[PDB]
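# Structure at a glance
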Amino acid sequence: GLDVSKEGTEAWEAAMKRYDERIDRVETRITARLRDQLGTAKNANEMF
Amino acid sequence: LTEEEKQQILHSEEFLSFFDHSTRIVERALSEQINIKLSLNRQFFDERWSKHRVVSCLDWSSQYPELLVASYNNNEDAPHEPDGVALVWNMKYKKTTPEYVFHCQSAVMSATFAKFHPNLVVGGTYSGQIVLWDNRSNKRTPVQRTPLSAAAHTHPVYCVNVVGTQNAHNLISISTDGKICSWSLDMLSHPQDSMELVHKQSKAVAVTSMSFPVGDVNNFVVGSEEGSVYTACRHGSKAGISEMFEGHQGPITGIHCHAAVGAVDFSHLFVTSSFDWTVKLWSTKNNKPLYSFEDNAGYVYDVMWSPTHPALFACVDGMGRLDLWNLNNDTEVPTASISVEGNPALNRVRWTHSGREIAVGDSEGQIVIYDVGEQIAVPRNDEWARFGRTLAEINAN
Amino acid sequence: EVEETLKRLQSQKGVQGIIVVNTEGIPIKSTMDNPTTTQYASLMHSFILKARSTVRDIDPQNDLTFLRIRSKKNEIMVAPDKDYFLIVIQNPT
Amino acid sequence: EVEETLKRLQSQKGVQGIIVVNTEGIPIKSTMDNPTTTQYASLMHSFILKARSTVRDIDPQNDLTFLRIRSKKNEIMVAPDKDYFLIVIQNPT
């Protein structure tokens, strides 16, 4: 919205919080399954 | 008679387990016949190992009942016995005789079950000496001894955690200072997340019986010194304590996350019980107590949510009065309420995973098991959202 | 560990006398009256050997882990396995 | 109490073969065939009478109320009747 800081803070801060939740959720999902899969490598070569 | 060679033959290695079988099956065969809805389910107490044991936590048996570790903080009632008391019992046979005795060499404080193991039991002590037991046989010696240096703990392990799966066998041991140490459940040498719960204020967080989110979520809620619901994560961008949603008072003696969903949503809610003489409802969007319950007469110690009906908790107090409430059914009053022997200051409450029965622990020994046969299969999601809306309309003026 | 063993064995209510009969057939370590049950357990060792041959030869997949002898006068709730036969005579009520 | 009860009792919850002995040694009458009755209950009856002869040598008419030999895969119960003895194979659980 022509990056005006009034609505910027006031409502676009909540919009940024919304962006954090799309991103935060994605990151959490990646971390949970990535840990469980990469921590279960077959061998050192399989780990590579 | 003279039987030393028969002590080696008869009382051999594998024959001691057979003798345990003989004693167990004949002592179970003692239930021989002739050879011509408040109901108070059961109660158990050892008059030699549970006697006057001033304890604060044990190791209940939600899954696989009728065998639950009574990891007692061994009092000086029996100084001529191994200092440490852990007692699995036999609710299936309903006995209190000292058959499944278990002991250590220190004050056994909350020796929970190990990860992926019913026989292996993990447990911290007063000096943070986490010991372990692999009872594949019928043994009782603590086979593990944790190092106790500067990075380790020397304070009571409040509530140790088991995080992950067969890949990640993590253990979170915490002292009174709040030092978290994620010992691997295989080697007792290096704790992975061996850090400090750094928070906005008072980084040396005086934790007090924290609680573990359902669904392997790391967004824990640490119970602390004055309520102080420390909401955070162990790792990520907020490895330390992110914030402290509070409004509860005193050292938290009972806090529990969401129960087992009957027919409701996930219901990202929890509750707290402490020295404020009450329990206070909470969720993930409050920062204040969602619903402070009745500040009963005395220190409300433990509280626990039921799995059958997810929207109902149970709480005892400083005057031993268990009050199980389902505000979606019984709002101003508890669903069921019954006292304990006399009016003492208990410390634990734990719902049976089967539901409609509960094993409540006293802080001086004996464990009571009450029975409440009321709930059936019902869609309580409707009543859940409706009561949340009623609270959302009551708080306004 | 003879402590917990003998403890939970003789300490059990109404237990008159156990017989931990080994392959030898003599109950030198038990709570029965040894001068009276020695020959009793030896004869019963031979006849329980007959019983082992019976139960394990007609139906070879059937062992003998608990022998609840419900008699007209005593509860001989024997505790066996492939190693012993705890012939225990116990008070009925 | 004969036909439906016979099916109810032979293939009962646990009862493998209720092979009632006919005249204390020669099992003929039963709720099933004669081989499983005669062979099984006769040898188990004879060898159990030998063990009872030993216990009988200790104390003679102290017979068995209901000898529930809880053998591993299928129990063997011996309940002495008048014309015969009871040699029945019935599982413990």
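In this document, residue positions are counted from 1 along each chain in sequence order, independent of how the entry numbers them, and residues without coordinates are left out. Labels are handed out in written order, letters beginning with A for the chains and numbers beginning with 1 for the ligands. Remark: the chains included constitute part of a larger assembly, and values are reported for the included chains only. Excluded from the side-chain calculation are hydrogens and water; included are all heavy atoms of the structure. Residues with missing side-chain atoms are left out of burial classes, side-chain pairs and their counts.

The deposited coordinates for this entry were obtained by cryo-EM, with a reported resolution of 6.7 Å.

For chain B, the name recorded in the PDB entry is Cytoplasmic dynein 1 intermediate chain 2, with Homo sapiens as its organism. Here the PDB entry's recorded title is "Cryo-EM structure of two dynein tail domains bound to dynactin and HOOK3".

Looking at the PDB entry, one finds chain A named Cytoplasmic dynein 1 heavy chain 1, with Homo sapiens as its source organism.

### Description of the overall build of chain B
Only DSSP runs of H or I covering at least 4 residues are called helices, and only runs of E covering at least 2 are called strands; the numbering of each starts at the N terminus. Each helix and strand in chain B was counted, giving three helices and 21 strands. Both definitions apply: the radius of gyration is a C-alpha atom measure, and the globule rule equals 2.2 Å times residues to the power 0.38. For a compact globule of 397 residues, the expected C-alpha radius of gyration is about 21 Å, and chain B comes in at 22 Å, within 12% of that figure. With respect to the principal axes defined by its C-alpha atoms, chain B has extents near 85 × 60 × 40 Å.

### Some details on the interface of chain C and chain D
In this analysis, two residues are considered to be in contact whenever any of their non-hydrogen atoms come within 4.5 Å of each other. The partner chain D presents 14 residues to the 12 residues of chain C that form the contact. Within the residue set of the side of chain C that touches chain D, elements represented by two or more residues are α2 (34-58) and β3 (64-70) of chain C. Ranked by residues supplied to the side of chain C that touches chain D, first place goes to β3(C) with five residues. Looking at the side of chain C that touches chain D residue by residue, the classes come out as three nonpolar, five polar and four charged. Note on pairing: two strands pair once DSSP finds at least 2 bridges between them. In terms of strand pairing, β3(C) meets strand β2 (residues 67-71) of chain D through four bridges, oriented antiparallel. Any residue outside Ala, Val, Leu, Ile, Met, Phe, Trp, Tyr, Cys, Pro, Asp, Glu, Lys and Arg is labelled polar, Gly included; the first ten of those are nonpolar and the last four are charged.

### Focus: the arrangement of the chains
Where three pairs of chains are in contact, the pair with the most contacts is made of chains C and D. Where chain A comes nearest to chain B, the C-alpha atoms are still 6 Å apart, and the two do not contact one another. Between chain A and chain C there is no contact, and the shortest C-alpha to C-alpha separation is 41 Å.

### What to know about the pairing of strand β3 (residues 75-78) of chain D
All names here are of chain D. Note: β2 against β3, three bridges, orientation antiparallel. Across the sheet, residue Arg68 finds its bridge partner in β3, namely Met77. Counting the residues between successive antiparallel strands, the hairpin from β2 to β3 contains three residues. As judged from the four bridges shared by β3 and strand β4 (residues 87-90), these two strands associate in the antiparallel manner. Bridge assignment links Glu75 to a residue of β4, and that residue is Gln90.

### A closer look at the sheet that holds strand β4 (residues 161-163) of chain B
Residues and elements named next belong to chain B. Reading across from one edge, β4-β5-β6-β7 is the order of the four strands in this open sheet, with antiparallel pairing throughout. Unpaired on one side and paired on the other, β4 and β7 (195-196) mark the two borders of the sheet. Where β4 lies against strand β5 (residues 170-174), three bridges are found, and the strand directions are antiparallel. The partner of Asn161 across the bridge, within β5, is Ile172.

### As for the UniProt feature "repeat: WD" in chain B
Residues and elements named next belong to chain B. UniProt positions are given in the numbering used here, feature names are shortened, and annotations may be inferred rather than shown by experiment. On the UniProt side, "repeat: WD" is annotated at positions that read residues 50-99, 103-143, 152-193, 202-242, 247-292, 295-335 and 341-380 here. A distance of 13 Å separates the end C-alpha atoms of residues 50-99, which is 0% helix and 0% strand. Between the end C-alpha atoms of residues 202-242 there is a gap of 12 Å, over a span that is 0% helix and 22% strand.

### What to know about the sheet that holds strand β21 (residues 367-371) of chain B
All names here are of chain B. Spatially, β1-β21-β20-β19 is the arrangement adopted by the four strands of the open sheet, whose pairing is antiparallel. Looking at strand neighbours, the two that pair on one side only are β1 (42-44) and β19 (348-351), the edges of this open sheet. Between one strand and the next, the sheet's axes are offset by a mean angle of 15°, whatever the strand orientation. Note on geometry: axes are lines fitted to C-alpha atoms, helical ones only across the stretch in contact, with angles between N-to-C directions running from 0 to 180 degrees.

### Regarding the environment of C:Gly14
Residues and elements named next belong to chain C. Mapped onto the elements, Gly14 comes out in the loop between α1 (2-10) and β1 (15-17). Taking the C-alpha atoms as reference, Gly14 lies 9.5 Å from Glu75; in sequence the two are 61 residues apart. Excluding its chain neighbours within four sequence positions, the residues that come into contact with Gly14 are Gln90 and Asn91.

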